[PDB]
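Written below as structure tokens is the structure these notes are about.
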Amino acid sequence: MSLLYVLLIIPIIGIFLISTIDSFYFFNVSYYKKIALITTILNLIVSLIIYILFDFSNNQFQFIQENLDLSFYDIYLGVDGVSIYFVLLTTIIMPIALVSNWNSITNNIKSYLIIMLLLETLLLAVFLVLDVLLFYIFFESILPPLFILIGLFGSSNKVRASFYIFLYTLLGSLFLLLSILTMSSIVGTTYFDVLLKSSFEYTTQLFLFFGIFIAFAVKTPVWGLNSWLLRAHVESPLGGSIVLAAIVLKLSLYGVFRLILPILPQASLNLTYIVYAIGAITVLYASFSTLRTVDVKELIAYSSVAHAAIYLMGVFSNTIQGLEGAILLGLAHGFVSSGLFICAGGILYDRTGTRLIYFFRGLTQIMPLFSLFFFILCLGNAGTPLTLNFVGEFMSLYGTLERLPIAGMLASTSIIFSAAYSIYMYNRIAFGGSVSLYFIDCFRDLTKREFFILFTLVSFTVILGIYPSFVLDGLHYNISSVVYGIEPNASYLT
Amino acid sequence: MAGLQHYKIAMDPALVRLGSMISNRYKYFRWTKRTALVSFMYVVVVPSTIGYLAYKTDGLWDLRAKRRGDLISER
Amino acid sequence: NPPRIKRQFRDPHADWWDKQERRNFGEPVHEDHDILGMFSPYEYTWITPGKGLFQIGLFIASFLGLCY
Amino acid sequence: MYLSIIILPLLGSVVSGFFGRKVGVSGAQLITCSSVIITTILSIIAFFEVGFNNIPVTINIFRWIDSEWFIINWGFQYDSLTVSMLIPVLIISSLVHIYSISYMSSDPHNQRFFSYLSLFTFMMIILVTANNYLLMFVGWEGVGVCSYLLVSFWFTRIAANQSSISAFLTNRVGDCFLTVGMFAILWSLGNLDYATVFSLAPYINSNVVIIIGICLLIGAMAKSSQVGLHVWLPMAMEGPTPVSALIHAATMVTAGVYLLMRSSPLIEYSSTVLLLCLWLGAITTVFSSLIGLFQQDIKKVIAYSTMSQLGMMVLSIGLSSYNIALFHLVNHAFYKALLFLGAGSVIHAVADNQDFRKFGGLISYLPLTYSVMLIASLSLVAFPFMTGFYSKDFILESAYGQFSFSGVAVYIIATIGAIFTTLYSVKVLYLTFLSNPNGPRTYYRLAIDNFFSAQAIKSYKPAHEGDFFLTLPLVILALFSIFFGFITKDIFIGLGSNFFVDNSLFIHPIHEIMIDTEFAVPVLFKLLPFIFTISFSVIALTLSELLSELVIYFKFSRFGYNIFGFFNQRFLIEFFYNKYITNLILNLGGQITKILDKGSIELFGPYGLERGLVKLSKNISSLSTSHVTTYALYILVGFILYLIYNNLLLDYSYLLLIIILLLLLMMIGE
Amino acid sequence: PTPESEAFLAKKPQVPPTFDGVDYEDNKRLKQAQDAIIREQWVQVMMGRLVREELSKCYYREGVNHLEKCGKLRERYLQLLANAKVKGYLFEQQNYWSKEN
Ligand SMILES: CCCCCCCCCCC(CCCCCCCCCC)(CO[C@H]1O[C@@H](CO)[C@H](O[C@@H]2O[C@@H](CO)[C@H](O)[C@@H](O)[C@@H]2O)[C@@H](O)[C@@H]1O)CO[C@H]1O[C@@H](CO)[C@H](O[C@@H]2O[C@@H](CO)[C@H](O)[C@@H](O)[C@@H]2O)[C@@H](O)[C@H]1O
Ligand SMILES: CCCCCCCCCCCCCCCCCC(=O)OC[C@H](COP(=O)(O)OCCN)OC(=O)CCCCCCCCCCCCCCCCC
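Going line by line, the protein sequences match chains 4, j, a, 5 and d. Just so we're aligned: the first sequence equals residues 1 to 25, 69 to 537 in the authors' numbering. Each residue of the second sequence is one higher than the last, beginning at 1 in the authors' numbering. Each residue of the third sequence is one higher than the last, beginning at 69 in the authors' numbering. Each residue of the fourth sequence is one higher than the last, beginning at 1 in the authors' numbering. Each residue of the fifth sequence is one higher than the last, beginning at 2 in the authors' numbering.
Spelled out as structure tokens, the structure:
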């Protein structure tokens, strides 16, 4: 039983215990929440054990278990540098997501925990599978649990939201499936170790690129294909929102490393000016739009759109710096956007019952712990240094500028507007007068739970912001394998 | 109002009405001269302009280790 | 929609349910409420845009005349 | 010692801010002041250790960012320039911490205020001690965040909220240009560490240096309030007065000046950026000085006065002589920390009020407060044989020393700005101390004159001066504004001084103009600024309290009214900014949310499909009548269509068009 | 020369940095070839890191005289900056080239 298969098995045992413990003890709801939390903790503990044993400079997939009982659809698991940190981010985030809803579900708690635990197994399976069809099977398997999570525990407009996220993702994924099936037909197999060895013809690469890019653009999302995010990420329960923004957005980013950079390098090189136009447009249009967004979670949801454009531009830079920056920005956005949704969807929305920004003012006066963390998360969302958000933005933007300067400059302008919308929101909530006259009751400050799910998130971004080498050390050799090009005097040694 | 009891707010009817109008605004969009031009400016022209500049200047320069007597122009 | 005016043009000596933003509790609000209140870009009203550009040209011409 | 100068303000800021409950108000003041003073003393030693004996000290701790070619380390490097700028930074910070012991005595947030002041000092020290451009930019963003938190310190005030966003966003524009500039360094040189950029500077493409050089000048433009991005510094006067003195008048505004001075071994090889350095600095001198003459706020006049001194440094940078700019940056910092802190006494003296049109008397009520201004004022207007004389009255001479059209023209511009400099200098001095009492009688009511009968112990408020803590920095800064300029003029000017042979600053031999400055310049132009200074003072002093109505006659003409407002409205570079830049973006965001996101992209997307397909779905179902006779007809017609298509060898495109038509008609009701 | 450490024994490429003579069917040898491509590129680039490092110490040690004394160290970095860059194996794996063309 490989460590990687252990990762997928623990959350399934937790589901079993959650749904059977009543036959051994009316069981208290606190029991279910404790089973689910410990389950995610042991999954985090296993992912940390794997990371200690992980080797930073191996071109072999590590911790793979030999199957040799070949079938039509077999599940092979393996990990290298590009997948190791996405696996860690999934295992760190999900316990925080569980605590972020400890008190705010209050109904169908068994269903919420089983759905949350199942989502962990599926999302981890996405980052661990060593086959392109296996990748697709898990990328899509999460829609029905996502569809039912929003509908069971979402806000007032959760019906329109759940439909939007289901149908957008399916429609785009159906175009990715067509591209994937063409690959398996030509090659005979979708296993990574032998599909990357193959060489597709240019026009095949061109049509393979559109099919895959249409799906990755719905999931980034790119601007104009992002209606589903505006609805789903806001109407979802807080735990759903954290998982949706901090893990699910990353699948398309990790999928660019496994599905287009190795097999479609000519198409990627010849179409970067189209990816960059869409990437540049998304940086500006989203930034201007979130400046005028009045729902606090939708403002924070809309920020994810702007940052996802920056690491989408990085992965197509064909440079070592852009690709490392893209993973580091995708990781950084995972912590910071998780904290900002806890601040908005968890702290403000539980106190007031509303998310309109018009009703908030001067919260610093009564809530100095919320404002202290909120400001640090508003700095991190603005790409301020000593946050992992700056190291990722600077490396991602440097690659974008070097690959194509006109897009780099425009994507650079995000340094202004991210700051602009992040600080403007911060002032209309924490500063900007005395406590809002709409509040009749006074508000309490962060509970111990709220303090420690924020302190944990702001610790990860800051420590990684001062020493990003912890992550870059395990990306240097694997990131190198996805670069496409040669130097005049280093190529073809004899 | 929600599942978990919150504090008592002075829920202003005017602000509540404003936040509902925004959430429902998509149902009332119509194609007119104005709405067609704006939607054509943002979606087609400005993106196609950037795509033109990105396409035209892809590979035009390299800054790496450039010296005096050696240009930045690459094409 | 009410006529959209920056709330700074309200008077600060009126019976205001909220003095800081100079609004009664349930006043009808313009759909641009978010960018019409006190916390917002200040609307300077010393001169009108056409006349102001003329005055700047005088300084540039004077600056240009000094250089010549 | 070298690394203790780094962490000591940091530790002082962490304890005061995160444990203000534990140490209390006085505990915080004891730590921040002690940590800054101990740090300040060590810098004085470092000036001897590094500047005087010429030992640059390299300290590298651990790697920050390591990707292939980029190896950015948390490395610090002490040379002549960083210890030059560490002296005023630590000295005034020591004096501002001490000064704030009294100014904030009634503030209910003393621990937070002192925590911020020590964090800014830490961020300033990081900015100048770094040995690479990226780690420097951390302090660059660091002082910017500390500036934002100290402007918005009174966060319940809506107008100070707008100021901090102006401080944050205007500077962020500069950092975008600066970030792009480091990209161009990284792209061309592999890394952005100082010893690499300057080792390869004479050898890289001249066009590259222009691309490089322009970028950081725009970044330098934002953090030193140049005519383009200049609107944050006077708006940034909404914070407490020591913050205005420390961050917005003597230390951070000098970060843009520091960036060009450290980059001197690189920008020297680009006359295009250097020429842009000259005129840009020249422009902001008349721009700032003119506006300052027509400001009613004491702090707002001073803000315009800082912008002028920085503009002369930017001017001096264009003259290929960065040492004089370094000479003026240290010299300007002391006279300025003097002017503002003493000014803060004036606001503290009367009512927490700062409007000129209600100030008067106070010459005897605040004797010491008046005295420090006069020393500061003459140092600012470069009175002969004072601290500002050796710096301000050497930049102007250096400009004539370079015998060119650009050098002579900026002289005329700077002199006019220097002419208008003394007028607001006179306005500050006269309207607050040497004029008739324009404030209420409450300010001027001494117990010596019998006014009240019963409430004699109280209800006097005779505009008293400050305590020891308020006057000790005032006295100390006075000496620096008299003797420090003369004492150090040989280190920074000399004739062939070797204080920068460690290459910290770099001057190319072809760009040297200093020899002509001492000899070729004519005596008349050398003493010309003094002639205008000692003359135009008397007209300003005669235009008030002697004539006092020539100006109002000019004011109420139509020509004067338009000029007065234009200069009072700061050239209108904020009305077109607010309306044609800021609100343009706000309307662009409005259009995108309302027309596209909540608009066309929903209609030409999911919402349109939902509308149409429900319509299309309902019409097709209406053909399902359950009339068995009608169904038989449908089967026959489908039978006939299949026979036509296969028997007649129909083009497939005919079939698809027919289906599209059948959807079209079905899409139409009835 | 610096002795080869025990760590720099388990990761030495037993194969030359090339794809000529590699049977792409055989997985071990292709993977070794890709390993040799990347490691050579990284080895060549850390040369620039050490040269950059030395030039830094030279620059400070020489002060103003850096423009005249650190010349050899200047050029060596510039040559490395011109040539060394991790470009991956993927192009060379997929595209054969010959000098006798
Ligand atoms: C923030 C920057 C602040 C502003 C500073 C600008 C400072 C000046 C830089 C301008 C620059 C830097 C690239 C900028 C972006 C690169 C990275 C971006 C920033 C990285 C962070 C962009 O210059 C580009 O402009 C293009 C305009 O189309 C031209 O491309 C082409 O245009 C048409 C053919 O010329 C084609 O038909 C068209 O197909 C191409 O498109 C080219 O001129 C060039 O590629 C390079 O300018 C330099 O280019 C060279 C060749 O000209 C010039 O050398 C000259 O050549 C001989 C005949 O020329 C002269 O006899 C000789 O005397 C001299 O040797 C220079 O004199 C100078 O001009
Ligand atoms: C690695 C490959 C894995 C392949 C799949 C292996 C199995 C994965 C899980 C599939 C479904 C397992 C369901 C586990 C729960 C079953 C036990 C149970 O009865 O839970 C009941 C629970 C609460 O209901 P109850 O407590 O009885 O009522 C109380 C009312 N006060 O009620 C619930 O829990 C219902 C929870 C909501 C429904 C689940 C989430 C949506 C699932 C959509 C199903 C279709 C897609 C299946 C996808 C499988 C994973 C990809």
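By construction, the Cβ of each residue, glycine as well, lies at the ideal position given by its N, Cα and C atoms.
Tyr136 (chain a) - DSSP class collapsed to helix/strand/coil: When DSSP states are grouped into helix, strand and coil, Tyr136 (chain a) belongs to the coil group.
Test: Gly365 (chain 4) CB closer than 8 angstroms to a CB of chain d: Cβ-Cβ to chain d under 8 angstroms: no for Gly365 (chain 4).
Chain-ordered residues, beta carbon under 5 angstroms from a heavy atom of ligand 2: Here the residues come out as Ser19 (chain 4), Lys153 (chain 4), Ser154 (chain 4), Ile157 (chain 4), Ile158 (chain 4), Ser184 (chain 4), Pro187 (chain 4), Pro188 (chain 4), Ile191 (chain 4).
Cβ-heavy atom distance, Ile211 (chain 5) to ligand 1, below 7 angstroms: Between ligand 1 and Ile211 (chain 5), a heavy atom-to-CB distance of less than 7 angstroms is present.
Close beta carbons around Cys485 (chain 4), own chain, < 7 angstroms, minus the five adjacent residues each side: In its chain, beyond the 5 residues on either side, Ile409 have a beta carbon closer than 7 angstroms to the beta carbon of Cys485 (chain 4).
Span of the alpha helix (DSSP H), counted from its first residue to its last, around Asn53 (chain 5): Counting along the chain, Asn53 (chain 5) sits inside no alpha helix (DSSP H), nor does DSSP assign it H or E at all.
DSSP state of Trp74 (chain 5) mapped onto helix, strand, coil: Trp74 (chain 5) falls in the strand class under three-state DSSP.
Contact under 8 angstroms by Cβ, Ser479 (chain 4) with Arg404 (chain 4): A distance below 8 angstroms separates the beta carbons of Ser479 (chain 4) and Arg404 (chain 4).
Test item: CB-CB of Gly435 (chain 4) and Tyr319 (chain 4) under 8 angstroms: When the beta-carbon positions are compared, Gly435 (chain 4) and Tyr319 (chain 4) stay at least 8 angstroms from each other.
C-beta neighbour in chain a for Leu4 (chain j), strict 8 angstroms: Not closer than 8 angstroms to any Cβ of chain a, the Cβ of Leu4 (chain j) fails to qualify, so no.
Buried versus exposed, by CB contacts within 10 Å (16 or more), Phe259 (chain 4): Classification of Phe259 (chain 4): buried, given that the 10 Å Cβ count is 16 or more.
Within-8 angstroms CB hit, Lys56 (chain j) to chain 5: False, the Cβ-Cβ gap to chain 5 never drops below 8 angstroms.
Under 8 angstroms by beta carbon: chain 4 residues contacting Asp36 (chain d): Going along chain 4 in sequence order, the residues near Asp36 (chain d) (Cβ under 8 angstroms) are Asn102.
For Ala220 (chain 5), the nearest candidate out of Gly466 (chain 5), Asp467 (chain 5), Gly281 (chain 5) (CA to CA): Checked all of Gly466 (chain 5), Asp467 (chain 5), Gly281 (chain 5); the closest Cα to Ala220 (chain 5) is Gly281 (chain 5).
Where the region 189-220 of chain 5 meets chain d: residues whose CB sits under 9 angstroms from a CB there: Interface annotation for the region 189-220 of chain 5 against chain d: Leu189, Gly190, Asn191, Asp193, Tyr194, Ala195, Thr196, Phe198, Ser199, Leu200, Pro202, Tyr203, criterion Cβ-Cβ distance under 9 angstroms.
Complete runs of the alpha helix (DSSP H) confined to the region 260-346 of chain 4 [at least 4 residues]: For the region 260-346 of chain 4, whole alpha helix (DSSP H) runs of length 4 or above, ordered along the chain, are 270-278, 281-286, 292-302, 308-333.
Nearest neighbour of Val277 (chain 4), chosen from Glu163 (chain 4), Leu176 (chain 4), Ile385 (chain 4), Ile324 (chain 4) [CA to CA]: Nearest to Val277 (chain 4) by alpha-carbon distance, out of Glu163 (chain 4), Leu176 (chain 4), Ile385 (chain 4), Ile324 (chain 4), is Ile385 (chain 4).
Three-way DSSP call (helix, strand, coil) for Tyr370 (chain 5) in this model: In the structure shown, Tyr370 (chain 5) sits in a helix (DSSP, three-state: H, G or I).
Contact with chain 4 by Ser23 (chain j), beta-carbon distance below 8 angstroms: With a threshold of 8 angstroms between beta carbons, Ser23 (chain j) makes contact with chain 4.
Neighbourhood of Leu281 (chain 4) by C-beta distance below 6 angstroms, restricted to the same chain and skipping five residues each side: If we look at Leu281 (chain 4) and ignore the five residues flanking it on each side, its Cβ neighbours are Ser143, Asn144, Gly388, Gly389.
Residue from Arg394 (chain 4), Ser2 (chain 4), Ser414 (chain 4) with nearest C-alpha to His6 (chain j): Of the residues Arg394 (chain 4), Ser2 (chain 4), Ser414 (chain 4), the one whose Cα lies closest to the Cα of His6 (chain j) is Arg394 (chain 4).
Closest residue to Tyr444 (chain 5) among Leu127 (chain 5), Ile412 (chain 5), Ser364 (chain 5), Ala160 (chain 5) (Cα-Cα distance): Out of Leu127 (chain 5), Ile412 (chain 5), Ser364 (chain 5), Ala160 (chain 5), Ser364 (chain 5) has the C-alpha closest to the C-alpha of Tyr444 (chain 5).
Cβ-Cβ distance between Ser225 (chain 5) and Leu310 (chain 5) below 8 angstroms: The beta carbons of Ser225 (chain 5) and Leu310 (chain 5) sit closer together than 8 angstroms.
contact_flag[the region 329-348 of chain 5, the region 284-294 of chain 5] where n(CB pairs < 8 angstroms) is 3 or more: Using a C-beta cut-off of 8 angstroms, the region 329-348 of chain 5 makes no contact with the region 284-294 of chain 5, since fewer than three inter-stretch Cβ pairs fall below that distance.
Nearest neighbour of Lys299 (chain 5), chosen from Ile585 (chain 5), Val428 (chain 5), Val23 (chain 5) [CA to CA]: When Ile585 (chain 5), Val428 (chain 5), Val23 (chain 5) are compared, the shortest CA-CA separation from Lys299 (chain 5) is found for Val428 (chain 5).
Residues that DSSP places opposite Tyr234 (chain 4) in a beta bridge: DSSP, once it has assigned bridges, lists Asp174 (chain 4) as partnering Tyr234 (chain 4).
In DSSP terms, what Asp297 (chain 5) is bridged to: According to DSSP, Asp297 (chain 5) bridges with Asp355 (chain 5).
is_contact[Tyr527 (chain 4), chain 5] using C-beta, thresh 8 angstroms: At a cut-off of 8 angstroms, the C-beta of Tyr527 (chain 4) has no neighbouring C-beta in chain 5.
Alpha-carbon to alpha-carbon, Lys86 (chain d) and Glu55 (chain d): Looking at the two C-alpha atoms, the distance is approximately 20 angstroms.
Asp236 (chain 4) at chain d interface by Cβ criterion, 8 angstroms: By this cut-off, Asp236 (chain 4) is an interface position.
Outcome for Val501 (chain 5) when other beta-carbon atoms lying within 10 angstroms are tallied against a minimum of 16: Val501 (chain 5) is exposed by the Cβ-count criterion.
Bridge-paired residues (DSSP) for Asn60 (chain 5): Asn60 (chain 5) pairs with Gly75 (chain 5).
C-alpha distance - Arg30 (chain j) paired with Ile22 (chain j), whole-angstrom precision: Their backbone Cα atoms lie some 15 angstroms apart in a straight line.
Cβ pair count under 8 angstroms reaching 3, the region 125-142 of chain 5 against the region 48-56 of chain 5: With a cut-off of 8 angstroms on Cβ pairs, the region 125-142 of chain 5 is not in contact with the region 48-56 of chain 5, counting fewer than three such pairs.
Min CB distance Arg68 (chain j) to chain d below 8 angstroms: Taking Cβ atoms only, chain d never reaches closer than 8 angstroms to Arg68 (chain j), which makes this a no.
CA-to-CA distance, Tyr469 (chain 4) to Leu51 (chain d), given in whole angstroms: So the alpha carbons of these two residues sit roughly 45 angstroms apart.
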